[PDB]
Amino acid sequence: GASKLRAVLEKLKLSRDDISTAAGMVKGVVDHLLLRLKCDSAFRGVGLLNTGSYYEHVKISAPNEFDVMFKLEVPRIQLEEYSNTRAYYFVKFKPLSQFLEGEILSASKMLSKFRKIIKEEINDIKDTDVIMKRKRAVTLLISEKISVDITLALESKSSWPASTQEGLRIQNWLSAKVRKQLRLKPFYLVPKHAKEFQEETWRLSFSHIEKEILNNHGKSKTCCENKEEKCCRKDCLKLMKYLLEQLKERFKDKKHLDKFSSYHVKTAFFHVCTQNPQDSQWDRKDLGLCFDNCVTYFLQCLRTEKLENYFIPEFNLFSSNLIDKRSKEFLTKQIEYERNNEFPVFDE
Ligand SMILES: CNC(=O)c1cnn2c(O)cc(-c3ccccc3)nc12
Ligand SMILES: [Zn+2]
C-alpha cells in the first residue's frame, strides 16, 4: 500500500511554487554577494556551488530556510589527516597567505574575513531587505522571512584523499566508467571543527557528487524519461526526508531528534541504492515496498549504531561519540510506531 505515500508526494508538490519564488530571492542576493566578494584578493576565484536539496529537486519543505555553498579554488594544496578521523584535515601548502597560522591555513581567520566582507556587503544592498544574524557559518535574513545559511568550501582539483579510496560503491549500479569520471572531479573542504574542539580542521564535502548521482540516478541512461522507465528512487528519499522532518517537528519540545539530519537519511538512501542497483528494483508500482526497505535499512543503522559515510567508509555518522544510544532508540521507537499505524505523522 502506497496510498498515504502518494498522498504526501502530492502535498509536497504543492510547496514547489513557494520554494521556487523564495529561491529566486536567494539567487538575487547571493549573485550580488559573489560579485562583491570577487573584488577581494583572497576571495577572487569565489563562486556558487550549485549543490543542495533544491538543485537535486529534493527540497521537501521550509521555503523560508535555504543553505548556500560558496566554492573557492585553492591551487596546489597538501592535506594532513587530523587524529585518524578520515574526514577531518589540516590545509597546508605546497592569495590566502594572510590566513596562515603557521604552515596551516586557519579556518577561523578565513571565516572571519568572509564574515567581514559579507557584513560589509549586506549594508550596501538597499534593493531588498537583508539582515545578517550573528555567529554561534554566515546566516542572512531576506526581507524578513527567508533565512540563508552560507557555507565557504575550498575547492581542490587534486586526487581524492586515501579515505575515499573504497567509497562511492556505484560500480554495479551507475557503472565503474561513471565512478572513474566522478572521482576525476574536484573535492571540497568545509570548515568544521572536530572533538578533543580542534578549531583549525576542515571536513570533506562531495555535495556535487551527491547531486550528480541524484540527478542521473538509474542503471539505464533513459531512467525516468519514459512511461515504461519511471522509478521511485527520488520519491523514497523525499518520503524519508519528510518522515524525519515531521517527527523532528512533532518532538521539538523533547530535544532527542535534534542531532539527526537529512544527511543521515540521504546517506542511508545511497546505501539502499547500492544494495538495489537495478531500475526494476525501483519500479513506480513498488513504491510501498521500496519505501519500506528504506525505513527498514534506516532502522537497522539506528539499532546497530552504524551509518557509514557513502564516500568515507571508515567515518560512522551514527557513532556513539556523535549520537547517544538513547536518542537512536527514541528515533527507532517513533519510526516503528509510524510504520505500524499507517504513518499518522504524514497527514499531520
Ligand atoms: C550531519 N551531517 C550534515 O548535516 C551534512 C551535510 N552535508 N554533509 C557533508 O557533505 C558531509 C558530512 C559528513 C559528516 C561527518 C563525516 C563525514 C562527512 N556531513 C554533512
Ligand atoms: Zn529513475
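Residues numbered from 1 in each chain as written, not as in the entry; some residues may be left out. Chains lettered and ligands numbered in written order. Heavy atoms only, no water. Residues with missing side-chain atoms left out of burial classes, pairs and counts.

As recorded in the entry header, the structure was determined using X-ray crystallography to a resolution of 2.76 Å.

1. Things to note about the overall build of the chain
Each helix and strand in the chain was counted, giving 10 helices and 9 strands. The C-alpha atoms of the chain give a radius of gyration of 21 Å, which matches the 20 Å a tight globule of 348 residues would have. Overall, the C-alpha framework of the chain stretches about 60 × 45 × 45 Å when taken along its three principal axes. (Helix = DSSP H or I, 4+ residues; strand = E, 2+ residues; numbered from the N terminus. Rg over C-alpha atoms; globule rule 2.2 N^0.38 Å.)

2. Digging into the UniProt feature "binding site: 2',3'-cGAMP" in the chain
When the UniProt feature table is mapped onto this chain, "binding site: 2',3'-cGAMP" is found at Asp-67, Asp-149, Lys-192 and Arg-203. With respect to the helices, strands and loops of the structure, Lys-192 is situated in the loop between β8 (187-191) and β9 (202-205). Ignoring any residue separated from it by four or fewer positions in sequence, one finds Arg-203 in contact with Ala-87, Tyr-88, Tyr-188, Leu-189, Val-190 and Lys-192. (UniProt positions renumbered as here; feature names shortened; annotations may be inferred. Contact = heavy atoms within 4.5 Å.)

3. What about the packing of helix α8 (residues 287-304) against helix α9 (residues 325-340)?
At their nearest, the axes of α8 and α9 sit 9 Å apart, and the two run at 155° to each other. Overall, the two elements α8 and α9 adopt an arrangement that is roughly antiparallel. Relative to α9, the crossing made by α8 is left-handed. Where α8 abuts α9, its residues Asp-292, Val-295, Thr-296, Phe-298, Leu-299, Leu-302 and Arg-303 lie against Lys-325, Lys-328, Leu-331, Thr-332, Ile-335, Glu-336 and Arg-339. Its residues placed into classes, the contact of α8 with α9 shows 6 nonpolar, 2 polar and 6 charged. (Axes fitted to C-alpha atoms, helices over the stretch in contact; angles between N-to-C directions. Parallel < 35°, antiparallel > 145°, perpendicular 65-115°, else oblique. Left-handed = near helix turned anticlockwise from the far one by under 90°. Nonpolar A, V, L, I, M, F, W, Y, C, P; charged D, E, K, R; others polar.)

4. What to know about the pattern of salt bridges
With its nearest N and O atoms 3.4 Å apart, the salt bridge here joins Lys-238 to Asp-235. Of this pair, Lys-238 and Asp-235 are both found in helix α6 (residues 233-250), 3 residues apart, which corresponds to roughly one turn of the helix. Between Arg-250 and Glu-348 there is a salt bridge whose closest N-O contact spans 3.5 Å. Here the residue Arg-250 occupies a position in helix α6, and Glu-348 occupies one in the segment after α10 (344-347), the gap between them amounting to 98 residues. Sharing partners across several salt bridges, the network here consists of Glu-73, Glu-155 and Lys-157. (Salt bridge = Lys/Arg side-chain N within 4 Å of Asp/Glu carboxyl O.)

5. Quick word on the packing of α6 against helix α7 (residues 262-275)
Running from N to C, α6 and α7 cross one another at 150°; their axes reach a closest spacing of 9 Å. Judged by the inter-axis angle, α6 sits roughly antiparallel to α7. The interaxial crossing formed by α6 with α7 has right-handed handedness. Residue-level inspection shows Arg-233, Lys-234, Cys-236, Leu-237, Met-240, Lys-241, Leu-244 and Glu-245 of α6 in contact with α7, the latter providing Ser-262, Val-265, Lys-266, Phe-269 and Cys-273. Along the lines of polarity and charge, the residues of the contact of α6 with α7 split into 7 nonpolar, 1 polar and 5 charged.

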